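# Descriptive analysis of the structure
The chain contents come next:
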Amino acid sequence: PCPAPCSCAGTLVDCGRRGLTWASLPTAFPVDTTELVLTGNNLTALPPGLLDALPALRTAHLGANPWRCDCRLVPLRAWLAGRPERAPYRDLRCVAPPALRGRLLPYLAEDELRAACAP
Ligand SMILES: *[C@@H]1O[C@H](CO)[C@@H](O)[C@H](O)[C@H]1NC(C)=O
Ligand SMILES: [Mg+2]
């Protein structure tokens, strides 16, 4: 079942470049998905569990989103930190908050993200 905003072929789900946000992302994706394209949306973080509910995912394309590296990014960060190679994710960059702006997502630590939600 291909989520409404996206185009699917095989086990590729193309949801790129569609103005998606956390609020508007599909709540689930075909459980057999192996490649998910989210490049070039409006995402600042990913809902908890979205990528972990995709147990066959090989690669996710996540670049060109305005990622905010705070505590809402703890789930994406965990997923990235668990990948077998982080180099394919080196185009993922934090735009905010100022203390993490310019950092690459795959090398963030969890504690940094907790700290980035300070009052
Ligand atoms: C996505 O962000 C762009 C760039 O700021 C904005 O113009 C556009 O309205 C947003 N699209 C949606 C669907 O929110
Ligand atoms: Mg968002």
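Residues numbered from 1 in each chain as written, not as in the entry; some residues may be left out. Chains lettered and ligands numbered in written order. Heavy atoms only, no water.

- As annotated in the PDB entry, the protein carries the name Platelet glycoprotein Ib beta chain and comes from Homo sapiens.
- If you open the UniProt record of the protein and go to Subunit (literature references left out), you find "Two GP-Ib beta are disulfide-linked to one GP-Ib alpha. GP-IX is complexed with the GP-Ib heterodimer via a non covalent linkage. Interacts with TRAF4."
- Turning to the protein, the UniProt record has this under Subcellular location: "Membrane". (UniProt positions renumbered as here; feature names shortened; annotations may be inferred.)

## Details of the sheet that holds strand 4 (residues 59–61)
- The strand order across the open sheet built from four strands is 1-2-3-4, with neighbouring strands paired in mixed fashion. Single-partner strands in this sheet number two, and they are strand 1 (7–9) and strand 4. When strand polarity is set aside, the average angle formed by the axes of neighbouring strands in this sheet is 10 degrees.
- Across three bridges, strand 2 (residues 12–14) lies against strand 3 (residues 35–37) in parallel orientation. Following the sheet pairing, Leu12 is matched in strand 3 by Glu35. (Pairing = 2+ DSSP bridges. Helix = DSSP H or I, 4+ residues; strand = E, 2+ residues; numbered from the N terminus. Axes fitted to C-alpha atoms, helices over the stretch in contact; angles between N-to-C directions.)

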